[PDB]
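Enquirer: can't give you the sequence, but here's the structure:
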Ligand SMILES: [K+]
Ligand SMILES: [Mg+2]
Ligand SMILES: [Mg+2]
Ligand SMILES: [Mg+2]
Ligand SMILES: [Mg+2]
Ligand SMILES: [Mg+2]
Ligand SMILES: [Mg+2]
Ligand SMILES: [Mg+2]
Ligand SMILES: [Mg+2]
Ligand SMILES: [Mg+2]
Ligand SMILES: [Mg+2]
Ligand SMILES: [Mg+2]
Ligand SMILES: [Mg+2]
C-alpha cells in the first residue's frame, strides 16, 4: 500500500521501520528497553567533560 | 484558460448526483473495479500496480507555454449527493458526508495551455450537470474551480518548474500493522520503540541501550562503565 | 434497549443478505461511492473529507438522561452472506469471510436516553 | 499442469472484461461489499476481520506430494478492461491502468499435486 | 442497467450493452462535439497538394451553420472497434454550405490544414551563401507561423545555396532544396512542428 | 521616423476624439523599422439589429 | 492564430507588382481591393417564382424558416427559367469558380 500522509494513533511493524528522517517527540525506547525523554550522546563527545565544559566529571 | 478532455470518464453518476434522468452512468465492471481502488480520506490522484502516481507531467516544453498530462485516474470528492431510501425509486436521502467520483483519463492530454513567464495552477475539474463532462483549468494564479476538483500540480512557465500536491492518498486511520514501513520524509510519533534493533542515522546497529546527555556521572569512581 | 432511527440507511442489501425478494436496495451512485470508501480490516466509524471521524457524541449532559449522536457513517461487517455464482440468478455461494454494510445517518440523533 | 477450482467466484465481470455477452456477472450485494474490501495497490491475498491472511496453506504431505488450501479471497489485477462512456450501452473506453477482480474461494481445496 | 434503475442482484453488469464494433468518426468544433454528422471525408497528401476534410451533417433552422465561421478549428477523431480515439485531421474551416437536398437541410463543412501556411507565404531574406540547414532555419522562423525544432531537420546532402530565393513561395523553395539534396520529405507535423528529413 | 514608435513593436490601435478613445483594436505584431510609413484603414460601420 | 494554436500570427500573403503606380495611397487601395474582393462572404441561391421586375442591386425580404433566415438582402443575380418555372435569386455576392 502507498500513500502520501498516514495519520494514525498507533503503528506496529514486524520488520524494518525505515525513514530518511525519524522524529520521536515525547519518548524513545531503545533495543534494550530504556525509555529516553531528552537529547542523546553523539560519538566523540568527550571534549565536553574537560575544564569548565557542560557535563564536567 | 479552460480545456475539455473528450475521452475522460466520470463514475458514478445518478439523478442524485448532478445529471438528468436519461443520463445516469452505466453499470460497468471496470467502473466498479476502479471505484473500489479508492484507499484514502480526501481527493487524490491514484497510483499504478507498482504505486507510481498516475497523471504524470511529461514533455514539459520549457518557456513555450505547454505541458502533457499522461494517462491515469483521480478520486474527486463531492458533498451533497442524494440517495434512494431502501426499495424506494425516489431519491430522498441527503448524504451527511463527501463521497468520491473516479475520473479516468484513458489517454494523454497533450499540450495544455499555460500563461507566459509566470506561476499557473493546474486544476482538474468535473461538471456535475452532465455525464462525463471533465475540464482542466490552467492559468496565472487562476482561481480554483467552483465544481468538484483536485489540484494536479502547479507550473511556472518562466523556469519550467513543476510541483504537485494530492499525488497519492492521504489516509486517516486509528491503528496500522505491517511487515515493513518506509517513509520518504518524517517517521513521526509521540513514542518510538525498537523491539530487536535500532539502526541510527549513520547506519550503525545498536543491539543494546542508547545513552542520554549528562552521562559523565557514570564514568566516575564506582559507577557503571568507570574509566 | 433500542432507539430506532427513522432516517438511517443501510447498503448493500439482497436476498443473500437477509431481506425479502421485494425489498433489495436500489443501486445509487451515492451508495457505491460511500461503500467504496471502506479501507480497514475490521468494523469502524468513517472519517470525513478532512480525516476527522463522523458520528460524534454531542450535548453530553453530565447528569441528565440524554445524549446526541451526530450525522455520519460507519462500516459494520457481517458473515454468512450468499452470492450468485456465474450467471445464475440463484443465490448459491456462501462467502468464506465477513463483509461491510455502510450505515449512513443523515441527521443528528436527538436525545438518546 | 492444471487445478480447476469448481466452486470459485470472480467479480466484477462483463463483456468489458473478457467474457461473452450472455456470461455477465449478477449485481449481488455480497460481491459489492467484498470488492469494497480492496485497499492495496497491487494484487494481494485478503485478511479476515482481524487482519490475519486468508487462503492459508495446510496439511503438507511432503514426499507424498500433496497440499491443501484454506478458504478466503484474493485480489487479482487485470489490464485493458473496457468501460461504457457516459449514457452509452456500448463498451468503448479502455481503462489506462490495471484494476481488481475479487476472487472468492468459499471452501478448502484438497490435495493439490 | 443505468445506475439507480435496478434493485441489487436482479440484473447483469452493464446489460443490455455490448462491445463497440464498426468505424466512428467524431467531429470536434472549437472543443464542442458535433452530434448530427452522417459522412466524413479526410484527405492527406504530399506537399504539392492541399490536405482537406469534408464533413456532412443535418441542420435545423441554421443552428449548426452558425457554429462554423471561417477559421474555426476542426478536429476529426477516428475509432474502430474498441480502439482509442485517434486525432486524424486538424484544420480550419474555409467553407460552410447549407442547401436543400430533397427536403433535407444538409450542412457541408470544408476545412484546409497547416500545409496552407507553407503555400501562401514567400521567402523574404536572401539565402545566398547559406547551407540548406541554415536556409531552413531562416525561412521557417521568419516566413512561416509554424514552430521550428532543429532536431526535425536532417539534410542528407548539405550544400551552399547560390540562388537568392527571395520571392518564391516557401513550399516551392523547400521543394527546390529537396531536389538539390537527397529528395527529403518536408511538412508540418500534428505537433505544429516543421520537419525536413530522409524519405521512407 | 516618428520618435516614440520607430523600433517598437505595435500591437494596438484606436480612433480618438482628442484624448477620448472611440474605438480599440488588437493588431498582429509588427516592428515599425526605420524609414517605414504607417497608415490606418479604420472602418467604422453603423447598422441596425435588423 | 488562436484557432490553430500557431506560435505567431497566421499570415497568408500575396505579392503584387503595379509598376506604373507612383502614389502610395493608390498602391494601398489596390492591396485593399485585392483583400476585399476575396474576403469571406455569404452568397448563394434562393429559388422562387415571378419577380420579373426585380433587377440586381435591388433589395428583397427573404424568410426561410428551415434555414433560420429572416433578412433583407441585396440581389446579385436573377435567373429566370421557363418550363421549370424558376426564378433563382443570388443574394449578397456572386462569385465564379474555374471562371474566377
Ligand atoms: K534529388
Ligand atoms: Mg459518468
Ligand atoms: Mg432514473
Ligand atoms: Mg508537446
Ligand atoms: Mg438498505
Ligand atoms: Mg432478490
Ligand atoms: Mg439533544
Ligand atoms: Mg463472475
Ligand atoms: Mg491433504
Ligand atoms: Mg443493477
Ligand atoms: Mg453485455
Ligand atoms: Mg499532410
Ligand atoms: Mg499536403
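Expert: Cool, got the structure. Numbering: from 1, shown residues only, chains lettered A, B, ... in the order given. Ligands and ions are numbered 1, 2, ... in the order given.

Enquirer: could you say what helices and strands the strand ranked longest in chain E packs with?
Expert: Of all the segments of type strand in chain E, defined by DSSP state E, the longest one is strand E:86-101. Judged by 3 or more Cβ pairs under 8 Å, 6 or more residues apart in numbering or on different chains; DSSP states H and E, strand E:86-101 is in contact with strand E:52-58, strand E:73-80, strand E:104-112. For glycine as for every other residue, the C-beta is placed from the backbone atoms N, C-alpha and C.

Enquirer: columns mean neighbour count and distance to residue B:2 on top of those strands, output as a markdown table?
Expert: What follows is these, written out as a markdown table (neighbours: other Cβ atoms under 10 Å in any protein chain shown; distance: least, Cβ to Cβ, whole Å):
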| stretch | mean neighbour count | distance to residue B:2 |
| --- | --- | --- |
| strand E:52-58 | 19 | 25 |
| strand E:73-80 | 18 | 15 |
| strand E:104-112 | 19 | 23 |
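
Enquirer: between the ones you listed, which one is closest to residue B:5.
Expert: Proximity to residue B:5 (Cβ to Cβ) singles out strand E:73-80 among the helices and strands packed on strand E:86-101, at 12.5 Å.

Enquirer: follow-up on the earlier one: now the helices and strands packed on strand E:86-101 in TSV, with distance to chain B?
Expert: Listed next are the helices and strands packed on strand E:86-101 as TSV, based on distance: least, Cβ to the nearest Cβ, whole Å:
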stretch	distance to chain B
strand E:52-58	16
strand E:73-80	7
strand E:104-112	18
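
Enquirer: what's the closest of those strands to ligand 2?
Expert: Closest to ligand 2 of those is strand E:73-80 (Cβ to the ion; 18.6 Å).

Enquirer: does that closest one come close to chain G?
Expert: Yes: with Cβ under 8 Å from any Cβ of the partner chain as the measure, strand E:73-80 is seen reaching chain G through residue E:73.

Enquirer: residue contacts, the residue lying closest to residue E:74 once chain neighbours are set aside?
Expert: In this structure, residue E:74 finds its nearest non-sequential neighbour in residue E:111, 4.7 Å apart by Cβ to Cβ, 6 or more residues apart in numbering or on different chains. Counting by Cβ atoms under 8 Å, 6 or more residues apart in numbering or on different chains, residue E:111 touches E:52-55, E:74, E:89, E:91-94.

Enquirer: just put those residues in a markdown table and tack on distance to ligand 5.
Expert: What follows is the contacts of residue E:111, written out as a markdown table (distance: Cβ to the ion, whole Å):
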| residue | distance to ligand 5 |
| --- | --- |
| E:52 | 58 |
| E:53 | 53 |
| E:54 | 55 |
| E:55 | 50 |
| E:74 | 50 |
| E:89 | 51 |
| E:91 | 54 |
| E:92 | 55 |
| E:93 | 54 |
| E:94 | 59 |
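
Enquirer: and ligand 13, which of those reach it?
Expert: Applying Cβ under 5 Å from the ion to the contacts of residue E:111, one finds that nothing falls near ligand 13.

Enquirer: can you pull up the most central residue in chain F?
Expert: The structure's chain F has its C-alpha centroid closest to residue F:13; by Cα atoms, centre = their mean the separation is 2.8 Å.

Enquirer: once you drop chain neighbours, what's closest to it?
Expert: Residue nearest to residue F:13 in three dimensions, not counting chain neighbours: residue F:25, with 4.8 Å by Cβ to Cβ, 6+ apart.

Enquirer: and the end-to-end length of stretch F:3-11?
Expert: One end of stretch F:3-11 to the other measures 17 Å (Cα to Cα, to the nearest Å).

Enquirer: likewise for stretch E:172-187?
Expert: Terminal-residue distance, stretch E:172-187 (Cα to Cα): 12 Å.

Enquirer: any idea how far the nearest residue in space to residue E:198 that is not next to it in sequence is from ligand 11?
Expert: Nearest residue to residue E:198, sequence neighbours excluded (Cβ to Cβ, 6+ apart): residue E:156, at 5.4 Å. Using Cβ to the ion, to the nearest Å, residue E:156 is found at 54 Å from ligand 11.

Enquirer: what parts of chain E come near ligand 11?
Expert: Contacts of chain E with ligand 11, taken as Cβ under 5 Å from the ion, map to residue E:18.

Enquirer: tally of neighbours for residue E:176?
Expert: 15 (other Cβ atoms under 10 Å in any protein chain shown).

Enquirer: where's it relative to ligand 8, distance?
Expert: Distance from residue E:176 to ligand 8, by Cβ to the ion: 66 Å.

Enquirer: burial count for the closest residue to chain A within chain G?
Expert: Closest to chain A within chain G is residue G:5: 34.7 Å, counting by Cβ to the nearest Cβ. A count of neighbours around residue G:5, defined by other Cβ under 10 Å, yields 14.

Enquirer: ok, now residue A:30?
Expert: Neighbour count of residue A:30, defined by other Cβ under 10 Å: 20.

Enquirer: how about it, what does it touch?
Expert: Counted by Cβ under 8 Å, 6+ apart, residue A:30 has contacts A:36, B:194, B:198, B:206, B:208-210.

Enquirer: and residue F:25, by the same measure?
Expert: Shown in contact with residue F:25 (Cβ under 8 Å, 6+ apart): F:12-14, F:42.

Enquirer: in strands only, show me these.
Expert: Per DSSP E, these map to strands at F:12-13.

Enquirer: near ligand 10, which residues of chain E?
Expert: Contact residues, chain E versus ligand 10 (Cβ under 5 Å from the ion): E:1, E:6, E:11.

Enquirer: residues in contact with the last one?
Expert: This means residue E:11. Counted by Cβ under 8 Å, 6+ apart, residue E:11 has contacts B:27, D:26-27, E:1.

Enquirer: what do you get for the second one?
Expert: Going by Cβ under 8 Å, 6+ apart, residue E:6 touches B:27, C:26-27, D:27.

Enquirer: the strand ranked longest in chain A: partners in the sheet, and parallel or antiparallel?
Expert: Across chain A, the longest stretch assigned as strand under DSSP E is strand A:17-24. Sheet pairing of strand A:17-24 (DSSP bridges) gives strand B:181-189 (parallel).

Enquirer: for the partner strand, the distance to its chain's centre please.
Expert: How far strand B:181-189 lies from its chain's middle: 18 Å, per Cα atoms, centre = their mean, to the nearest Å.

Enquirer: same check, this time on stretch G:46-53
Expert: Distance of stretch G:46-53 from the chain centroid (Cα atoms, centre = their mean) equals 20 Å.

Enquirer: how about the residues of chain E near chain D?
Expert: When proximity is defined by Cβ under 8 Å from any Cβ, chain E lies next to chain D at E:2, E:6, E:8-20, E:79, E:82, E:84.

Enquirer: just the buried members of these?
Expert: Neighbour-count burial (16 or more other Cβ atoms under 10 Å in any protein chain shown) applied to these gives E:2, E:6, E:8-15, E:17-18, E:20, E:79, E:82.

Enquirer: out of those, who's nearest residue F:35?
Expert: Distance ranking of those against residue F:35, using Cβ to Cβ, places residue E:79 first at 57.0 Å.

Enquirer: any idea how far the closest one is from ligand 6?
Expert: Distance, residue E:79 to ligand 6, by Cβ to the ion: 38 Å.

Enquirer: tell me the contacts of the residue nearest to residue E:198?
Expert: Residue E:156 neighbours (Cβ under 8 Å, 6+ apart): E:181-182, E:184, E:198.

Enquirer: what is the nearest of the residues you listed to residue G:9?
Expert: If you rank those by distance to residue G:9 using Cβ to Cβ, residue E:184 comes first, at 27.9 Å.

Enquirer: the closest residue in space to that closest one that isn't next to it in sequence: which element?
Expert: Nearest non-adjacent residue to residue E:184, counting by Cβ to Cβ, 6+ apart: residue E:178, 4.8 Å away. Assigned by DSSP states H and E, residue E:178 falls within helix E:170-180.
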